[PDB]
Chemist: 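Dropping the structure in here first, questions after.
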Amino acid sequence: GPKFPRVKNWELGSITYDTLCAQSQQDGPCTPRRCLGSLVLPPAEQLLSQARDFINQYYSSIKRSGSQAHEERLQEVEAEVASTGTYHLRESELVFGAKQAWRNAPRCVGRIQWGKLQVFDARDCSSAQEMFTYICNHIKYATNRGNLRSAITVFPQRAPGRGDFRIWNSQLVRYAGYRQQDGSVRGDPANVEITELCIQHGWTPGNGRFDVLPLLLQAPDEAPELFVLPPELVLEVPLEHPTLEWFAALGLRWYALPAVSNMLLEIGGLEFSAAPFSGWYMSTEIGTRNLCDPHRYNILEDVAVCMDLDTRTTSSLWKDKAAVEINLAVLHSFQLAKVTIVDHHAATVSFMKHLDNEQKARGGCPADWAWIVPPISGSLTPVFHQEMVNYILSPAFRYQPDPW
Amino acid sequence: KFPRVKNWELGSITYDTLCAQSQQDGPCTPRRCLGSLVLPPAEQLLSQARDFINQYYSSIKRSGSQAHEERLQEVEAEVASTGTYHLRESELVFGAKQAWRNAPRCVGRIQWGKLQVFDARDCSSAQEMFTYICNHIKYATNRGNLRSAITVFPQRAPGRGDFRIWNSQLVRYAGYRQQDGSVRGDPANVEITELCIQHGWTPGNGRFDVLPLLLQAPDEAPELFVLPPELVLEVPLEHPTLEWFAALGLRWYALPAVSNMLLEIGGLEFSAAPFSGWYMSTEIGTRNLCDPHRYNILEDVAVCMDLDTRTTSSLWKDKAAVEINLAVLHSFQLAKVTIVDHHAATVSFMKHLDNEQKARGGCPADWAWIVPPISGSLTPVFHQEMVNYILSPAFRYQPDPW
Ligand code: HEM
Ligand code: HEM
Ligand SMILES: N=C(Nc1cccc(COC[C@@H]2C[C@H](OCc3cccc(NC(=N)c4cccs4)c3)CN2)c1)c1cccs1
Ligand SMILES: N=C(Nc1cccc(COC[C@@H]2C[C@H](OCc3cccc(NC(=N)c4cccs4)c3)CN2)c1)c1cccs1
Ligand SMILES: C[C@H](O)[C@H](O)[C@H]1CNc2nc(N)[nH]c(=O)c2N1
Ligand SMILES: C[C@H](O)[C@H](O)[C@H]1CNc2nc(N)[nH]c(=O)c2N1
Ligand SMILES: [Zn+2]
């Protein structure tokens, strides 16, 4: 056979070989001695080679590879790096790179959508106040009264000696998590640290389970500033169940727009430290992880009690039955509100289509099996039966250290 | 750098130092992770041998003793003269427990110290393999009070064929490929079914026909042996509250006994060494019954439950799966046959991880295999980082003998 990873689908019996992994310039956490794939978190001349590589990728995607426009852009990029130490992307290069970073994200099941991304160019932004305006506009555009649209807003790149643009919040929409006297948490335990930072920076805290946090925005070399989102901008969905009439009484809800704001977008060696992006939810993110993780809202026991299940024994499958109904409530409620959402069956089926598309387009697709397989009903989805090869390609979305 | 290992639910951290003991390369490199893939001289043997003998004497706290030193010399003298050696029965017993302990895909390892080892190395014919297999089954089944066991047949030797059990499990349901595309019975067993027929077996035509065994002594055609129906305990499937469920005519066997893996101890290889324990309910309820390329019963069950089958977003698949798993658990409990649910199993695996941390400084585990196939993040193992690596003694895959 070919000298490339052989990838098998065990449901269908089909085989492919990944040749794209050959284009990986960056090491992962694994070695011949041990596999670390389950771990969550495992320049000068350097810039120029990353830049040359990215420009070659751009010129391939417009089919002008080896041409005069291609050779002039390279010379232009090295001249700029030569005199300034950095360089700058053309508008169309940024748009290409941002889509390629999404397309490249091994943990993302939503990649069938990768070609459809609204790129807002905010590289002119010069204050925390203006970042706020740009973010409001992003939310308005992306939310679109419930018919959600993928979008990314790109703020100025990191630059020699000058401080970064940073959004401190991990998402544009987050519920407060208030540490209680009895050591427990009201609201979202995930958000305890950012909540306390918000208070330290002068926010007057509420005391509910679903208080929307303000934003902490940091323009270069300045302390962050606090901004409250106008509530009419933040679309939320009250949760009800289609047949269990009491589920509405629980007063649970979730926000419509997942908008990740703490990741670094790297393109051609350029680092965009503030570049929030949004799409729509897969229903298990809300119904399984957010609401049922023991370290999150942890509502499984409450719902099972309402359903009159035997919570005293594992073999009743009370957890499984409750999680299913919570997921159904999420789907039903979003549908009723006409807010875009995708169930884990439709998402994974679309992802199998994406795999095939990318096999033909590029000879493979980097994918992180543990993240792609949904957290309920894994083997009921077609991705469970699909082998996957994980590797890092650039442009990339990367984790970056918290700014405090 | 040793790997840092984090539990994301509890915020706790360990460091795996056991992986430094690994001698065998896995599928991954720095360029790319292949973790989700299902399939992969005399001084070489001598150093795996000594290393294993060192493991054994250290296990009995007798390291460096006269017994230890003279055993190293026996092994050495035997390899030098013959190019191979033989294990003492107590070493074999220790090696087989260690192979199980070391299996990264096994969620049931809290049990690893409790294994009945049948030494069948004095086996010289497929007939004799049959008798040993019958006694294993009878012992392991124990009227539903299942007991883990391994029977070890003679090791591979340079100048001859292997002893092999052709079937992948001791109990397997037939799969009959229909002229019109489909399979009757278990589609995973189409090929072994056809092999049995071709070796003279008279086939049935139901969905749950227990296959005969194809047993092979070195360099001989395999022979066919029908298991006595009374030896194969089976559990009819019914549901605690859904009465139409029993009408599905579904059933599974009590005893999961794997018979196609190679057991490697101290550089010696045992090509026939079937082993058995008990089922985790999701193996039957989720995989064997609901995989699309297995019995694929989700639609039938959803229709019986009157669910909306036209749309993914009714979560009909998730609902039928749950009830099927419940049926399995309820039916085994009612038949008084040992079974473990995925919540209990994964809780005990967390305890195992902690035991192994204290005892050995790590534990090789394969996350994709440890996390159950329904309700993943509802179990504690989902939130647990894991480090996968090959320790020896080991169970390995081997080529099919046909
Ligand atoms: C269009 C609808 C989309 C769906 C349904 C979706 C689905 C998901 C899901 C479920 C995750 C895992 C999240 C978690 O477990 O916390 C994920 C990861 C990710 N997605 Fe998407 N995605 C979508 C669009 C996007 C867009 C527009 C981008 C960026 C342009 C994006 C980039 C990412 C990245 C970078 C990750 C990985 C985050 C990490 O490693 O922590 N996706 N996607
Ligand atoms: C005592 C009760 C036991 C339980 C509940 C249990 C549970 C499991 C489960 C659920 C799997 C995954 C199986 C699959 O998806 O097909 C597995 C894998 C495995 N277990 Fe166990 N186990 C038990 C005892 C044993 C014993 C006695 C041995 C051998 C002595 C063993 C060795 C293995 C091996 C080698 C694998 C991996 C097979 C492969 O890689 O294909 N386990 N265990
Ligand atoms: N449907 C969606 N879901 C979605 C998609 C992506 C991400 C998320 C939520 O994020 C998942 C969480 C978010 C979380 O990452 C955030 C995080 C927290 C704390 C520290 C760091 N940084 C570091 N680890 C470092 C320290 C030093 C060097 S690096 C990163 C991991 N896991 C949801 C969409 C969002 C946007 C478009 S689709
Ligand atoms: N509860 C249990 N379940 C259990 C435990 C272990 C295994 C199983 C079922 O087996 C898992 C199946 C078994 C199967 O692996 C065996 C396999 C499949 C395909 C090919 C090859 N071999 C090759 N291609 C090679 C060519 C050259 C070198 S190799 C091997 C995957 N998936 C059930 C227990 C059984 C015994 C004690 S507990
Ligand atoms: C330990 C493990 O890597 C971790 O819990 C992962 C598993 N798979 C996941 N998959 C997704 N989509 N999101 C996650 O946060 C996680 N968590
Ligand atoms: C492609 C993927 O690795 C494959 O479907 C694996 C996933 N996890 C599994 N886990 C167990 N326990 N058994 C299996 O057969 C599998 N199959
Ligand atoms: Zn790996």
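Just so it is clear, the values below take in all heavy atoms, side chains as well, and ignore hydrogens, waters and symmetry mates. Below, chains carry the letters A, B, ... as their sequence lines are ordered, and counting in each starts from 1.
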Chemist: Under a 4.5 Å heavy-atom cutoff, which of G35(B), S313(B), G376(B) has the most pairs with chain A?
Modeler: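 Looking at each of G35(B), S313(B), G376(B) in turn, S313(B) comes out on top.
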
Chemist: When the ring centroid of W8(B) is compared with that of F382(B), is the distance short of 6.0 Å?
Modeler: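 Ring centres of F382(B) and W8(B) not closer than 6.0 Å.
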
Chemist: Please classify the contact of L12(A) with chain B as side chain, backbone, both or neither, using a heavy-atom distance under 4.5 Å.
Modeler: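 The answer is neither part of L12(A).
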
Chemist: Take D293(A) and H383(B), measure what side-chain contact (heavy atoms from CB on, under 4.5 Å) needs, and give me the verdict at the end.
Modeler: CA-CA 9 Å; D293(A) 272 7; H383(B) 308 282; 3.5 Å; yes

Chemist: Looking only at heavy atoms and a cut-off of under 4.5 Å, which of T381(A), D27(A), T313(A), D368(A) has the most pairs with chain B?
Modeler: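 Most heavy-atom pairs within the cutoff with chain B belong to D27(A).
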
Chemist: For the pair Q359(A) (side chain) and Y17(A) (backbone), establish whether a donor and an acceptor sit closer than 3.5 Å, ignoring hydrogens and angles.
Modeler: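 Yes: the side chain of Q359(A) pairs with the backbone of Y17(A).
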
Chemist: With chain A as the partner, which of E9(B), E323(B), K1(B), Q24(B) has the greatest number of non-hydrogen pairs under 4.5 Å?
Modeler: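 Option with the greatest count: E9(B).
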
Chemist: Does anything in residues 324-335 of chain B get under 4.5 Å of chain A by heavy atoms, and if so which residues?
Modeler: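 Listed by number: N325(B), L326(B), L329(B), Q333(B).
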
Chemist: Could you have a look at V38(B), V347(B), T29(B) and say which one has the most heavy-atom pairs with chain A under 4.5 angstrom?
Modeler: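 Option with the top pair count is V38(B).
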
Chemist: Can you tell which of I376(A), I392(A), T314(A), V373(A) has the highest number of heavy-atom pairs within less than 4.5 Å of chain B?
Modeler: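 So the answer, after comparing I376(A), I392(A), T314(A), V373(A), is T314(A).
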
Chemist: Counting only non-hydrogen atoms closer than 4.5 Å, does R296(A) touch chain B with its backbone (N, CA, C, O), its side chain (CB onward), both, or neither?
Modeler: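 Contact with chain B: none, neither part.
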
Chemist: Have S281(B) and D341(B) got a donor and an acceptor in their side chains that come within less than 3.5 Å?
Modeler: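 Result is no, nothing qualifies.
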
